[PDB]
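Heads up, the thing below is written out as structure tokens.
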């Protein structure tokens with residue numbers, strides 16, 4: 001466990017081998033969860049890329065935050081996809097917090113602290129705990145099979161995961177860089193493995 | 001009577017059966033009244049929907065706040081409609097307070113605290129007290145007969161009704177979330193009934 | 001004399017009979033004067049209308065503040081007209097103070113506190129005191145002969161008249177709602193007569 | 001010498017005879033100098049006009065600040081002209097301070113306190129002291145020969161001249177209306193002669 | 001060594017001979033370095049020009065910050081070029097800090113304090129110390145061979161160089177005009193040689 005406060009991973013070269021593998025001390029299936037992270041890249045106006053790949057033995061797209069060109073952020077759970085349209089994109093670091101609950105099928109998507117409309121997805125599903133979490137690549141098969149046109153070039157950090165739905169105030173605090181205690185994946189006590197061209201540098205975002 | 005402070009109803013699925021029925025302890029015909037409520041949805045640029053349906057035995061459109069695509073907010077009382085044009089629409093929660101008086105036929109429409117021009121409507125009319133108040137659907141017949149293309153997808157709350165015209169200062173306080181005492185329908189001591197896919201969640205708006 | 005502080009006249013229906021007649025305790029011809037008033041209407045983008053009609057036995061257009069569509073505010077004294085172009089119009093209440101002096105022919109036009117370029121008009125003229133001041137209509141004949149397409153729909157108040165040119169600081173105070181003492185027509189001690197569909201309500205502007 | 005603090009000259013009518021003649025207590029040729037003044041007019045989008053005409057027996061355009069339509073401010077010394085492009089023009093009073101030095105040929109042009117790029121002009125020249133300074137007209141011959149299409153309609157004041165290059169801080173103070181001591185032409189102790197339709201009024205700019 | 005605080009070099013005439021030659025007390029090859037400087041010119045929308053030319057016996061483009069029209073800032077090291085696109089350009093002084101590291105090949109480009117995405121360039125290279133640093137010209141051969149269409153017209157100063165990568169906080173301080181200690185090239189104790197039409201003046205930027 002190492003403190004990545006004020007640090008981020010760098011993926012400077014578009015490639016199909018540079019990636020960082022994350023290990024979650026997970027033991028129970030998730031009925032709900034939220035994920036927050038900073039990322040910064042200029043590919044938005046160019047081609048699609050993968051923000052966060054959570055994969056399991058049954059599905060290569062167990063959880064996938066994906067940008068599709070001219071469309072926006074594409075959130076998918078259990079192999080279904082909603083879209084959250086972004087008409088115009090700005091060139092700057094962006095913070096995003098997304099949360100899903102099994103009971104209602106509600107999905108909350110927060111971009112830059114402003115909440116998007118709630119929607120429905122895969123009501124009654126169960127997300128398995130046997131996970132491979134990968135960053136900088138979209139994983140179409142368990143622990144491998146990446147795509148260069150889906151690999152992400154840029155800077156990312158502060159990745160934190162919970163297993164229950166936070167309240168709006170809480171999201172505001174996360175945005176506010178306040179104290180908080182993630183209980184599934186800790187940026188503050190994180191465990192990781194690096195592969196290929198990846199590097200550790202101070203974060204650009206404040 | 002339950003306190004819905006900081007809470008709203010959620011209609012996530014476009015459907016013709018999810019709706020919430022509200023009971024007003026009303027005993028006198030309204031010579032005037034104001035209604036305030038928060039709502040948030042992205043259908044504005046897509047298709048028409050119903051904000052607030054007040055219906056009685058004589059008219060399915062006794063009071064109707066309705067968005068008509070490319071037009072704006074459409075207010076109707078006793079079966080007549082004015083229009084309040086909105087040239088461009090923004091994607092964010094919006095607050096609206098509307099008031100009508102029997103004596104003059106004046107209608108005041110407040111959107112985001114900025115008052116629209118006063119207009120005329122149905123001077124000398126009487127609104128009956130035998131009411132069915134429905135939310136999330138447009139009711140074309142007493143207690144039923146909804147339309148999927150008119151059902152509203154999104155988040156709403158803080159619905160409050162008076163029976164006399166408030167002053168502009170008062171509207172400002174309402175916007176300001178100050179203390180106030182509604183005497184027909186209380187969000188603070190509200191009575192309700194829920195049907196179909198509807199849920200209670202914390203509000204997104206501040 | 002009644003105090004109209006925080007009050008305005010309402011003309012909700014486009015008509016040729018609703019109007020309010022104002023009586024000035026005037027006894028000397030005006031060599032100069034300023035007029036200030038608030039008005040609010042959405043007809044700006046639709047058709048022309050009359051802001052303030054000052055008429056006498058010799059001229060139906062002794063003083064006329066008139067909006068001409070696609071052109072802007074049209075100020076006329078003694079039967080001649082300048083134009084003050086407004087390229088684009090916003091939908092909100094607008095304050096306007098205009099002043100004319102017989103000695104120089106200078107006309108000062110203030111809109112929302114920002115001064116327009118000074119211009120020339122009818123140098124050496126005399127405005128008569130035998131006046132009929134009318135609001136909400138353009139008067140083409142002494143005390144009558146209105147035009148529906150020139151009648152004004154909306155809300156107006158704070159109408160005040162002096163008989164000498166105020167300084168820019170003074171205009172700023174007027175805009176600032178400071179204390180002031182009009183000596184020809186007092187909103188604070190005003191005298192009036194109402195005809196047709198006209199009503200008294202609290203002002204919308206702050 | 002009269003104090004024109006808070007006062008400006010008015011040229012309301014486009015004409016070829018209204019002008020104001022200024023007398024400088026000048027006795028030495030200028031190796032450098034700066035000139036500052038306020039002016040306000042709406043002709044910018046219509047036709048060209050003259051801001052400041054400094055003329056001598058040898059050249060009708062010894063110094064000329066001239067607006068050329070669709071181009072911008074045109075500064076000329078000793079019969080040569082640079083251009084300072086203005087893409088779009090706003091309708092408001094504008095302050096301008098310009099300075100030239102004989103040693104380097106550098107010209108500094110300040111508009112609304114923001115400095116334009118330095119440029120070169122007429123290096124090694126000498127400006128003569130036998131001057132006729134004219135305002136509101138472009139003078140193509142010593143003390144006469146004006147052009148209606150070059151005469152300026154509007155309001156101007158605060159005209160001050162030095163004979164050495166001020167520093168940027170100094171310009172900032174001038175903009176800031178701070179205390180300062182001009183040594184060639186004083187608005188504070190100015191000497192003038194008026195001809196035709198010209199008048200003295202309080203300034204509109206703050 | 002002379003203090004150029006609050007001073008800049010001026011290149012007013014487009015020419016192929018006016019230039020300023022800078023001598024670095026350098027004795028070791030650079031494994032990394034950052035360079036910061038202010039510059040101001042209006043050629044951005046007209047033609048390409050050279051910001052900073054660092055040249056050695058082996059390469060005329062050892063380091064080159066170059067603006068290419070319709071493209072933006074073009075950074076090149078060891079004869080390779082990345083591009084940092086600028087969609088639209090504003091007319092004002094601009095501050096730029098750029099840094100490169102031999103270990104990773106990372107390049108950081110800061111414009112107006114806002115960081116551009118990190119990229120890759122020439123990993124494992126070595127920059128030689130036998131340098132000719134030239135300003136206002138692009139040098140295609142050791143100590144000569146300039147191009148008029150590449151010469152830069154305008155005002156520049158505050159040029160400072162380090163030999164290791166500063167942190168983001170540090171860049172912020174540089175932008176903030178805070179105290180700092182450059183160890184390769186000091187604006188505060190700078191050594192220089194001037195040739196042709198170049199002059200020393202107070203800086204325009206704050």
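Numbers here mean position along the shown chain, with the first residue as 1.
If you check the header, you will see the structure was determined by electron microscopy, 3.7 Å.
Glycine too: its Cβ is placed from the backbone N, Cα and C atoms.
Per Swiss-Prot, the features are:
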type	residues	note
MOD_RES	D:1	pyrrolidone carboxylic acid
DOMAIN	D:5-206	domain 'Pentraxin (PTX)'
DISULFID	D:36-D:97	disulfide bond
BINDING	D:60, D:61, D:138, D:139, D:140	Ca(2+) 1 binding site
BINDING	D:138, D:140, D:150	Ca(2+) 2 binding site
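Counting only the Cα atoms, the space from residue D:60 (Ca(2+) 1 binding site) to residue D:97 (disulfide bond) is about 21 angstrom. Note: the Ca(2+) 1 site is recorded as D:60, D:61, D:138, D:139, D:140; in the same chain, D:50, D:53, D:55, D:64, D:141, D:145 also have Cβ atoms within 8 Å of that site's Cβ centroid. Recorded residues residue D:1 (pyrrolidone carboxylic acid) and residue D:139 (Ca(2+) 1 binding site) have their alpha carbons 25 Å apart, per Cα-Cα distance. A straight line from the CA of residue D:139 (Ca(2+) 1 binding site) to the CA of residue D:97 (disulfide bond) spans 21 Å.
Neighbour density around each Cβ, counted as other Cβ atoms within 10 Å, peaks among the recorded positions D:1, D:61, D:139, D:150 at D:139. Excluding D:138, D:140, D:150 themselves, the residues of that chain whose CB lies within 8 A of the CB mean position for the Ca(2+) 2 site are, in sequence, D:50, D:53, D:60, D:137, D:139, D:145, D:146, D:147. A separation of roughly 23 Å, to the nearest angstrom, links the Cα atoms of residue D:140 (Ca(2+) 1 binding site) and residue D:97 (disulfide bond). The recorded positions listed here (D:36, D:61, D:97, D:138) include D:138 as those with a Cα within 10 A of the Cα of residue D:150 (Ca(2+) 2 binding site). Within the same chain, residues at least 6 positions away in sequence whose Cβ sits under 8 Å from that of residue D:36 (disulfide bond) are D:95, D:96, D:97, D:158, D:159, D:160, D:161, D:174. Neighbour counts were taken at the CB atom with a 10 A radius for the binding-site residues D:60, D:138, D:140; the maximum falls on D:138. Around residue D:97 (disulfide bond), taking its Cβ as the centre, 21 other Cβ atoms fall within 10 Å, counting all chains.
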